[PDB]
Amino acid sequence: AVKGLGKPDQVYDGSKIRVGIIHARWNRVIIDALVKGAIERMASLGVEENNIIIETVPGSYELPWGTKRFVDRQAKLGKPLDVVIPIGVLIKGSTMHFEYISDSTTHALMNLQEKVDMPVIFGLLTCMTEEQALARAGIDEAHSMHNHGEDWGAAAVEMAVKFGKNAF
């Protein structure tokens, strides 16, 4: 038989992992809601509260190097991360700033995984409006969608447990 064909969606136990969340501070009310959702979902999957490390940077452009150095600091302290969730909220304005920051930041986070040698979850919102970002953090008045921060927390746990440096 084909190995893994039809294997059901499993539950991941995050009890032994350490997760870093590093967030930008622009659009702070949205950021905070995304972070809280990631935290709650990881705690629901077993991640200990003392094993969830928070760090901040000024803007989304600072996420890649901030994440690199956050990983470095945690390893040097003897509390290395197994996975990290950089979180930022970018909202289109009148210039092309949104596009150039979003593009360079997204590629940099993707390409950073090889350098920090761990999964880096994509927690950057790249919205055309603030209303879109509120909805994607589960805090729009209409509660039209759900908090994507929860999905990022779940992905952090799965990626660490199945593919982390210590997984095999």
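For every residue, the number given is its place in the sequence shown, counted from 1.
Across the two stretches, 116-124 and 45-53, the PDB entry reports the greater mean Cα temperature factor for 45-53. Mean C-alpha B-factor is higher over 3-11 than over the other stretch, the pair under comparison being 158-166 and 3-11. If you compare the C-alpha temperature factors of 34, 63, 110, 139 in the entry, 139 comes out highest. In the PDB entry, residue 132 places in the middle third of its chain by CA B-factor.
Ranked by Cα temperature factor within the chain, residue 87 sits in the lowest third according to the deposited record.
Split the chain's modelled residues into thirds by C-alpha temperature factor. Residue 73 is in the lowest one. In the PDB entry, residue 27 places in the highest third of its chain by CA B-factor.
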